[PDB]
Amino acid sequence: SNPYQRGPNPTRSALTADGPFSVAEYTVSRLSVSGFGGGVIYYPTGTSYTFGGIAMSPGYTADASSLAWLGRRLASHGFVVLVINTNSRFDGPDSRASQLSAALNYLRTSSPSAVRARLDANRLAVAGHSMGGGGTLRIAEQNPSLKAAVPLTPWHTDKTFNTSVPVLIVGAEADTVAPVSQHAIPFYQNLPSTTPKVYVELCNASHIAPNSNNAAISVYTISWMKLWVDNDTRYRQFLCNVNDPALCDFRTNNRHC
């Protein structure tokens, strides 16, 4: 049962480190693509399976290297992951959405044959930090064929996204760049009631929490991607009846349970 199932039965502990798949890396140079600023693809190797794909945007003034740890972590749990560089480091959230859109088309159509051989382009998802997270909400609303969206410490001036794509938002309690009361929590609140949605808030963490290995971001991002990109109900346990000391808030409409 479940053609998309990959990897062993999960434990929390296994989800805080790199997973069972070996990972290859391919550098997409800036000038080799129109529509975004290149980036790095992390993708499984040593395997004959196909996997869902994820496009992920860094944050304001940031490089793709800021999220390398998470691109590798995801790919090692069984995902083809393209972390973009933006055309300009100063690009805003809606610009980042359009570049996510270009990056997804690139992954499907024009990436190297070794990458395409590992990708099931029918199952794609998006994630992003800061302003990249605002771009994630924008594209989830523009393109409801996506399987999931994970905005990390997100920032946007627009507060309402009418999307049927399942969304998990990571807020940081002590974020002063995108305070959760103005950004993350309103985005959560304003998503449709019928859309499966989760908000998790990291205790004593600031806007830079996504820039380095973080156990909570690892568990919740892996689990949400697994549950919706792979229909993998083994990951429901990490997302249901949550009692996590690392979190200082938790909200959900509990549609995913």
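Note that residue numbering follows the sequence shown and begins at 1.
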Segment of higher mean CA temperature factor, 122-130 or 172-180: 172-180
Residue range whose averaged C-alpha B-factor is higher in the record, 224-232 or 23-31: 23-31
Lowest, middle or highest third - CA B-factor, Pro210: highest
Among modelled residues of the same chain, the CA temperature factor third for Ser48: lowest
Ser57, C-alpha B-factor rank within chain (lowest, middle or highest third): lowest
Third of the chain, ranked by Cα B-factor, where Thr157 sits: highest
Third of the chain, ranked by Cα B-factor, where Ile41 sits: lowest
